Each structure stands twice: as structure tokens, then as C-alpha cells.
Amino acid sequence: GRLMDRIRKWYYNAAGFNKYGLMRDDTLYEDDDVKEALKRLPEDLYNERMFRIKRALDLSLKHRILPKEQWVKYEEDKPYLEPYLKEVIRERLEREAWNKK
Amino acid sequence: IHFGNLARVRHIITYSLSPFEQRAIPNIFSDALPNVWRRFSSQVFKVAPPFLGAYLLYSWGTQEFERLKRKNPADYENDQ
Amino acid sequence: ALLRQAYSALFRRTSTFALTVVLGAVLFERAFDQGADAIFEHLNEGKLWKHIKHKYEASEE
Amino acid sequence: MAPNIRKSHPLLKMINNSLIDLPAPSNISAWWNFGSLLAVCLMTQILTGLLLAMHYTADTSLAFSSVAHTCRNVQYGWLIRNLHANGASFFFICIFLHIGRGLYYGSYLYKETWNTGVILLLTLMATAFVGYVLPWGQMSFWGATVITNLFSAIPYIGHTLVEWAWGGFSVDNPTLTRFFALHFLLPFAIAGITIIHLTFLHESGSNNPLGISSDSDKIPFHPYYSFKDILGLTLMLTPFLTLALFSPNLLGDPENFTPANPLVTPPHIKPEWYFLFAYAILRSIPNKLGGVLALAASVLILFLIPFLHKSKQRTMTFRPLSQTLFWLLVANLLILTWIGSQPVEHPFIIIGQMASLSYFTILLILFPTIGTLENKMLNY
Amino acid sequence: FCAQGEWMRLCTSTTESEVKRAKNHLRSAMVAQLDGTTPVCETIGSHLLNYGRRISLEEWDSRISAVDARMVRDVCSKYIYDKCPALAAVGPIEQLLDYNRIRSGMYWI
Ligand code: HEM
Ligand code: HEM
Ligand SMILES: CO/N=C(/C(=O)OC)c1ccccc1CO/N=C(/C)c1cccc(C(F)(F)F)c1
């Protein structure tokens, strides 16, 4: 029914990056694919991500978090990178597959 | 050269005061402690549990080991 | 205002700052040791040789 | 050449690019304070070590008493001896927190910095092992015996390797003198490798507690971290000294205040606390060969950590399931430490195997598994 | 680095040669500020409003000529040495950094 959705929303809150004002995609480890995707982000999305991240690092050093009002809500989290990232991986797998043939 | 080649950054303003214009340990009661408590609270149920379990297992095993050193009167009840 | 006097006379010029540390250390040592030893002995009255020494120090045989 | 001599000079430039103008994340916590403590710890062991070495005599007939002569006659020899023996523990406490931090924050993703790290640990253990034998007390001798005899269990080359290591048929003077040489030597290899450690590290720079790029917010190592680290130094150094000055023998075995005697086996042959966890695993596998492999694996397992990362995120800061698994593992280690100090009997035997088994399971199966599971819960 | 460096030189090791030249440059500058009617008028309006009177070049020169190395050092030390400055940076400023580091550039020549 709505079980998968209950779990996700639960994990989302348990994770807690939303308390730093970060988007799920803001928290991705920057391996190669992720690095390429980031280079493809439009300027505005890229600067917003940068501010969010800088802001989180500053909270982190201060040992504070954002006020509860400013926390990112599960349903308002914008998966801004997932689209690019999936494409980057699709391309990689194409080349990998092709270079084997 | 590691300062100047790090990240493309735009439109962020920051404001900071000299250390001599501000206090070293400000708002201990209004901000510090509350947060300390906040931090402790958010973690205790993640850290404490297994340590508590460790303690139990420890206590059991220590007491169980001593109990096995004691004698069981049921081995001498018919030794007349 | 000592803080200002201190600042002007001692902490402003890096040279006087070092001088204040050195001369400061010399005086701190003399004081700090005397006090520590004093505290230690008081907490141990009549237990140290310093304390019982007189009983055999030129008062036997 | 260049304006300031801090950048142009071939040496100061090095000092500057690693301790002054070195870009550090603005948010690294106290957990990042252990690297510097490890370094300072190392310089201190080497220093007190040399001072002790200048009064030691590597001979079965004089070792024990040379250490006693040092503690009883050398000016402050007793203090230096204390600082050296206890410093070894400060070293391991620090190294274990250093590693922990790394596991929790995914520092291991910096593969080379990590592998050299594993090598530093191994070298540190060998150093302390050979060091421990030098006073030639009862635990010195029997610990040396118990552990070195394990290798005669290796197939075919076994007995050889062992009699080669001892330089005879048992732990005896020839073993002692070569152990002194090794103990004097290895610390210098640790210093060397430590440089390589930091060299690889500087390729990437420090990781941070949120696990996201800190390029957007870096600050110079000095004064921020030089101060933070000096503070960290005094904060740790206090309990260290408190222990060494008020409870000198708290961590040592009384059995070592008795000259080694090959004709009297101590009742409970057990190592210093920092080896207990491994001793427990050793004894968990009844079978000379299997236990040895298990012991070996208990530390070599660290070389696999970089390949068992499945999470899409670097740290565990935002991974609550992994966080508990992490503390489960920590508790798992206290338990092994505890089992390591106990005799081999029920219920310590069964508990021991449980702990040994869960240890490997958590690192080999659960961590990677839970990581994948978490990736799904983020809709990834 | 060099800039703050020069400020520290001002407070600790100014030379008579430097001030000697500095004065001549300053004299020319004040004279050059009265090159035309608009600029002379600007001076009068300003002087009155700020000094409550006019200060003739003849006076300025008198004052300017009384300055020497020793004086520059004392005045500068008095306003610059070990003071917390105000900093404004705009643009691609990642390589300039840390108020603390800058604050330290405020002492020891
Ligand atoms: C004699 C032992 C060692 C010395 C002197 C040493 C020193 C250092 C120093 C100075 C740093 C930088 C500061 C810090 O982050 O703590 C560092 C970082 C690191 N060390 Fe070590 N280390 C030692 C052992 C190890 C071990 C055993 C491991 C892992 C098995 C290790 C893994 C790392 C890694 C992965 C980093 C990255 C930290 C980050 O995430 O930013 N080190 N070490
Ligand atoms: C990596 C740093 C070192 C470690 C971890 C270490 C560890 C140890 C240990 C555990 C002992 C036994 C202490 C005891 O209980 O009596 C010891 C003893 C000794 N070490 Fe080291 N040591 C180190 C470096 C050195 C160095 C560099 C030297 C000198 C070149 C040295 C010289 C000695 C000597 C002579 C003893 C014998 C005296 C004694 O037992 O106190 N050590 N060391
Ligand atoms: C010479 O023995 N030194 C001992 C000691 O406590 O030094 C601090 C000791 C003491 C009692 C039992 C076992 C040991 C030996 O160490 N024991 C184990 C179980 C061990 C485990 C892993 C690695 C290593 C080594 F080789 F250092 F690399 C050793």
C-alpha cells in the first residue's frame, strides 16, 4: 500500500541532512559519475547547491543546525541531480559495453 | 598552490568580526548548553544501546563464571 | 587600568612581550614550586624525613 | 624568486604547505585531532626510548636489572621508564580512535592514505611486541614464547621460520639481542612511513564530518588547527600523566616484576590491553593454524575496508542504521578485549567465538549490506 | 602580504630619505589641488566647513616640513600597529583569506 512510502519518509527523517538545509543530492559522495553530472548542472542550480553546502559546513563547524522551520521537508526535496547522473551513467555503460565488443 | 584553484563560487557574502570585538565563549546558557543537550539527545539512543548490551553480557558472564566455581550441595547429599 | 597599562608596557611590542614571558616564568617558578612543596608537606605532616629527622639528627648515642 | 621566503625556500615551503598555509576544511571535529597526537606521540616514544636505551643492556643476564638500575639510579630514570611504557598505551588509544574516525567518516576512501595507515598500525604492533620483551620479566618471556611458537604451525616452512626468528631453539639471548635491534629500528620506519602517509593525504586534503566537498569553505591550518591541536594535546596529555604519575602500574602485569624463568609458566599469559582483542580472536579458533590465520585476518581485514563501501554517501553522519552497526562493532571490540583478559573456560569460550564471529561479519557482510539497503531507502 | 608588510615598515623603519621624498610629493599634491577656480573653491568650501577656516598652502607647507622619520613612525604605530582592521573584498577572492591571518599582519615589521 503506502508502506514503501512510509519507510522512505521515515529514513529521510532519520538521516537528518534536511536539518542542515541540504537536499538528498547535496549529500552524494563525489565519485567520477557525480563529478561529471555536477559539471552539467545549469548555473543557478549549481550556485544554489554550493550555497547550501557551504551553509551546512558552517553549521557543522558551529555545532548547530537550522531552526526546525527551515528544515527541508521530505516531499519538497528536489532531486536536481539524479536526472543528469542517470544519463552520465547510461553513457558510461554504453561506452564500456561498446569497448568490449 | 591550493588556495585559489578549489571551487567555482558565486554570490555568497560573509560577515565576520575581529576576535577582539567579540566574546570567546558567548551565550553559554541561551545557546551553548541547550545545543549540548540537543546533541546528546539526538545520539544517546544510537550509541548507548550496544554499550548497555555489552555491559549486560559482561555481568552475566562474570557472575556465571563465579557461580560455576561454587559447589553444588547436590553432589554430597549421599556421601555419608 | 592595569589591562591597558599591561598592554602598552608589556604586550604591545613583541620584544617586551618575550621579556614578560621570561621574567614571568622566572617568578612563576620560584612561587609555584614553593607553594606546591608547601602544600605537599602540609598534606603529609610528620611523615617525611624532613619531619622526623631531628630524632636521630644529633640526638642519639 | 617569490615575495615571502616562506614560499620560495625549498624547505620552509614544505613546512608552509603542510602546517601553515595548508587548506583545511572549516568543519573538521575533534576526531581529526588524533593524527597530530599520533605524530607527537611518536616523537615522544622515540625520545624517551633513546633515553632508556642509553642505560639498557640487551643480555638475558642483565636486561631485567638494567631496567631496574635505570628506575632506581638514573636521574628521573623512573619517570622516563613510566612515560615510555605508558606512552605506548597513549599511542594505541590514539591509533584506535584515529582508525575509528576513519571508518565512521569514510576516510578509507582515500585508499593510499588508508593503506599506508594499515601499514603504520602493523609496524606499531611489531614495535610494541619486541619492545615488551626487553625488560625480560615473566610476561616478557612467556608472551614472546606463546606468540612466536604460533609460527611453527605454518606448513613446511614453519619450524624453520621460528628457529630462524629465535636464533636458536627457544626464546633466549640471541632472540633478545635481535629484538632490541628491531625495537630500536622500527620506530624510525614508522616515522618514515608516516611521511608517506601525509604525502598521499595531501593529494586530496582532509575529509570532513559531513562528507561533502569543503572547497567552498577552507581555512589555513594555522592558527585554527595548530591551536585546536595544541588544545587537543593538553586535553589528552592530562589523563595520560595522571595515570603515569598516580597509578603507574594500573595497566601492567605484576608478573613482569619477576625475572623471566623458562621453568615456570605463569597461570594467565595475556598481553597488554591493546592486544587483547586480537588475543581473543586468536584463541577463538581451537587449532593452532586456524587461530593464527584468524589473528592475522583480524588486522589485515583493514585492507579490505575500501572495497566494502556501498553507500552513496561518504560518512555515516546521515546513515542511522550504519551508525548503530558502527557502535555495535565498537562494543563488539570491548567484549573481545574483555574476553582476551579472561581464562579459556566456559562461558568466556563460547562468548569469545560469538564476538570473533560477529566482528568479521559486521565488517565483511553487514556493513556493505546495510549500506546498499540504505541506498534504497533514499530512493537510490 | 607585501602591502601589510609596507605598513609595518612605516611603523618600524621609515627613513629620512623616504619622508624627505614623501613630503615633496605631498607638497606638489596640495598645490595641485588648487589648480583652477573650481578646485580652489572646493578647498575653501571644505576647509571652512571642516576646519572652520582656511588653511593656506603656506601653513600646510609649514606643517608638512616639520614631519620627520621619527614622527611618521610614531604616528603610524599609533594608528596601525596591532589594530583590528576593516576588510572588504569583492570578486574571485578565494586566495585572500582569514581575518586572523590578516590581523597578524598587523604587527612585527
Ligand atoms: C603512527 C600512525 C599514524 C600517524 C602518525 C598518522 C597521522 C595522520 C595525520 C597527521 C593525519 C591528518 C590529521 C587527521 O585527520 O587525523 C592522518 C589522517 C589519516 N590517517 Fe593517519 N596516521 C596514523 C595511522 C593511521 C592508520 C592506522 C590509519 C588507518 C588504518 C590511518 C588513516 C588515515 C586516513 C584515512 C586519514 C584521513 C583523515 C580524513 O578523513 O580526513 N592513519 N593520519
Ligand atoms: C614506536 C615507539 C615505541 C613503542 C610503541 C615502544 C614500546 C615499548 C614497550 C611496550 C616497551 C616495554 C615497556 C615496559 O613495560 O617496560 C618498550 C621498552 C623499551 N623501549 Fe620502546 N617503544 C618505542 C620506541 C622506542 C625507541 C625509539 C627506543 C630507543 C631507540 C626504545 C627503547 C626501549 C627500551 C630500551 C626499552 C626497555 C626499557 C623498559 O622496558 O622500560 N623504544 N618500548
Ligand atoms: C612479547 O610478548 N608481548 C606481549 C605484549 O603484550 O606486548 C605489548 C604479549 C604478552 C602476552 C601475550 C602475548 C603478547 C604478544 O602480543 N600478542 C598478540 C596477540 C599480537 C596480535 C597481533 C599482532 C601482534 C604483533 F606481533 F605484535 F604483530 C601480536
# chains A, B, ... in the order shown; residues from 1 in each chain; ligands from 1
>>> interface_residues(of="chain B", to="chain E", cutoff="10 Å", atoms="only C-alpha atoms", output="list in words")
residues 1, 2, 3, 4, 5, 6, 7, 8, 9, 10, 11, 13, 15, 16, 17, 18, 19, 20 and 21 of chain B
>>> write_last_selection(atoms="N, CA and C atoms", output="PDB file, in the first residue's frame")
ATOM      1  N   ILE B   1      50.403  25.416  -4.416  1.00  0.00           N
ATOM      2  CA  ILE B   1      49.276  26.379  -4.621  1.00  0.00           C
ATOM      3  C   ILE B   1      47.926  25.649  -4.497  1.00  0.00           C
ATOM      4  N   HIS B   2      47.302  25.735  -3.317  1.00  0.00           N
ATOM      5  CA  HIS B   2      45.998  25.102  -3.083  1.00  0.00           C
ATOM      6  C   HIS B   2      44.886  26.108  -2.775  1.00  0.00           C
ATOM      7  N   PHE B   3      45.244  27.383  -2.662  1.00  0.00           N
ATOM      8  CA  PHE B   3      44.258  28.429  -2.405  1.00  0.00           C
ATOM      9  C   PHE B   3      44.056  29.289  -3.657  1.00  0.00           C
ATOM     10  N   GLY B   4      42.899  29.106  -4.291  1.00  0.00           N
ATOM     11  CA  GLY B   4      42.575  29.838  -5.500  1.00  0.00           C
ATOM     12  C   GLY B   4      42.164  28.920  -6.643  1.00  0.00           C
ATOM     13  N   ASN B   5      42.370  27.614  -6.476  1.00  0.00           N
ATOM     14  CA  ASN B   5      42.026  26.638  -7.511  1.00  0.00           C
ATOM     15  C   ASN B   5      40.968  25.645  -7.025  1.00  0.00           C
ATOM     16  N   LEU B   6      40.439  25.877  -5.826  1.00  0.00           N
ATOM     17  CA  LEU B   6      39.460  24.982  -5.204  1.00  0.00           C
ATOM     18  C   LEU B   6      38.052  24.872  -5.789  1.00  0.00           C
ATOM     19  N   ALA B   7      37.258  25.937  -5.728  1.00  0.00           N
ATOM     20  CA  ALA B   7      35.892  25.857  -6.254  1.00  0.00           C
ATOM     21  C   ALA B   7      35.364  27.102  -6.939  1.00  0.00           C
ATOM     22  N   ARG B   8      34.464  26.888  -7.892  1.00  0.00           N
ATOM     23  CA  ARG B   8      33.821  27.981  -8.604  1.00  0.00           C
ATOM     24  C   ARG B   8      32.728  28.394  -7.623  1.00  0.00           C
ATOM     25  N   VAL B   9      32.766  29.627  -7.133  1.00  0.00           N
ATOM     26  CA  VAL B   9      31.768  30.072  -6.172  1.00  0.00           C
ATOM     27  C   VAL B   9      31.202  31.423  -6.510  1.00  0.00           C
ATOM     28  N   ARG B  10      29.882  31.543  -6.492  1.00  0.00           N
ATOM     29  CA  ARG B  10      29.281  32.828  -6.805  1.00  0.00           C
ATOM     30  C   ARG B  10      28.145  33.305  -5.904  1.00  0.00           C
ATOM     31  N   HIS B  11      28.133  34.612  -5.664  1.00  0.00           N
ATOM     32  CA  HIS B  11      27.097  35.282  -4.896  1.00  0.00           C
ATOM     33  C   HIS B  11      26.953  34.970  -3.421  1.00  0.00           C
ATOM     34  N   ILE B  13      27.981  36.098   0.393  1.00  0.00           N
ATOM     35  CA  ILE B  13      28.574  37.158   1.192  1.00  0.00           C
ATOM     36  C   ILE B  13      28.774  36.608   2.591  1.00  0.00           C
ATOM     37  N   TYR B  15      30.101  37.730   6.712  1.00  0.00           N
ATOM     38  CA  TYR B  15      30.433  38.801   7.627  1.00  0.00           C
ATOM     39  C   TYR B  15      31.076  38.196   8.860  1.00  0.00           C
ATOM     40  N   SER B  16      32.210  38.763   9.266  1.00  0.00           N
ATOM     41  CA  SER B  16      32.909  38.271  10.446  1.00  0.00           C
ATOM     42  C   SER B  16      33.523  39.429  11.235  1.00  0.00           C
ATOM     43  N   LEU B  17      33.646  39.260  12.553  1.00  0.00           N
ATOM     44  CA  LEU B  17      34.228  40.298  13.389  1.00  0.00           C
ATOM     45  C   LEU B  17      35.567  39.871  13.891  1.00  0.00           C
ATOM     46  N   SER B  18      36.429  40.844  14.159  1.00  0.00           N
ATOM     47  CA  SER B  18      37.732  40.535  14.712  1.00  0.00           C
ATOM     48  C   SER B  18      37.453  39.771  16.012  1.00  0.00           C
ATOM     49  N   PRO B  19      38.439  39.023  16.500  1.00  0.00           N
ATOM     50  CA  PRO B  19      38.251  38.267  17.745  1.00  0.00           C
ATOM     51  C   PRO B  19      38.261  39.210  18.942  1.00  0.00           C
ATOM     52  N   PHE B  20      38.812  40.400  18.751  1.00  0.00           N
ATOM     53  CA  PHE B  20      38.902  41.336  19.851  1.00  0.00           C
ATOM     54  C   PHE B  20      37.649  42.164  20.064  1.00  0.00           C
ATOM     55  N   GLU B  21      36.709  42.071  19.126  1.00  0.00           N
ATOM     56  CA  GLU B  21      35.470  42.816  19.239  1.00  0.00           C
ATOM     57  C   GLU B  21      34.410  41.905  19.853  1.00  0.00           C
TER      58      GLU B  21
END
>>> residues_around(residues="stretch 97-113 of chain D", least_positions_apart="4", cutoff="6 Å", atoms="only C-alpha atoms", output="PyMOL selection string")
chain D and resi 34+197+200-201+306+314-316
>>> interface_residues(of="chain E", to="chain C", cutoff="9 Å", atoms="only C-alpha atoms", output="list in words")
residues 81, 82, 107 and 108 of chain E
>>> residues_around(residues="residue C:20", least_positions_apart="3", cutoff="10 Å", atoms="only C-alpha atoms", output="NGL selection string")
:C and (6 or 9-11 or 14-17 or 23-26)
>>> write_last_selection(atoms="N, CA and C atoms", output="tab-separated table (two decimals), in the first residue's frame")
chain	number	residue	atom	x	y	z
C	6	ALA	N	49.27	47.15	31.08
C	6	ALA	CA	49.90	45.89	30.70
C	6	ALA	C	50.08	45.88	29.18
C	9	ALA	N	52.71	48.67	28.07
C	9	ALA	CA	54.04	48.36	28.54
C	9	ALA	C	54.60	46.98	28.19
C	10	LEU	N	53.76	45.95	28.27
C	10	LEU	CA	54.22	44.58	28.06
C	10	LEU	C	53.88	43.85	26.77
C	11	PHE	N	52.61	43.84	26.42
C	11	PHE	CA	52.14	43.08	25.27
C	11	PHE	C	52.19	43.71	23.89
C	14	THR	N	56.47	43.15	20.60
C	14	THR	CA	56.84	41.74	20.64
C	14	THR	C	58.10	41.48	21.48
C	15	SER	N	58.99	42.46	21.54
C	15	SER	CA	60.21	42.31	22.33
C	15	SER	C	59.88	42.31	23.81
C	16	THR	N	59.05	43.26	24.23
C	16	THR	CA	58.67	43.33	25.64
C	16	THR	C	57.76	42.17	26.01
C	17	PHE	N	57.05	41.64	25.02
C	17	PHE	CA	56.18	40.52	25.29
C	17	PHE	C	57.03	39.33	25.71
C	23	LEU	N	60.79	36.82	32.25
C	23	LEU	CA	60.79	37.29	33.61
C	23	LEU	C	59.56	36.73	34.32
C	24	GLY	N	58.49	36.51	33.55
C	24	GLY	CA	57.26	35.98	34.13
C	24	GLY	C	57.44	34.55	34.59
C	25	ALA	N	58.16	33.79	33.78
C	25	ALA	CA	58.44	32.41	34.09
C	25	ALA	C	59.34	32.32	35.31
C	26	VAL	N	60.43	33.09	35.33
C	26	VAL	CA	61.34	33.05	36.46
C	26	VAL	C	60.60	33.25	37.78
>>> residues_around(residues="residue E:26", least_positions_apart="4", cutoff="8 Å", atoms="only C-alpha atoms", output="ChimeraX atom specification")
/E:22,30,64
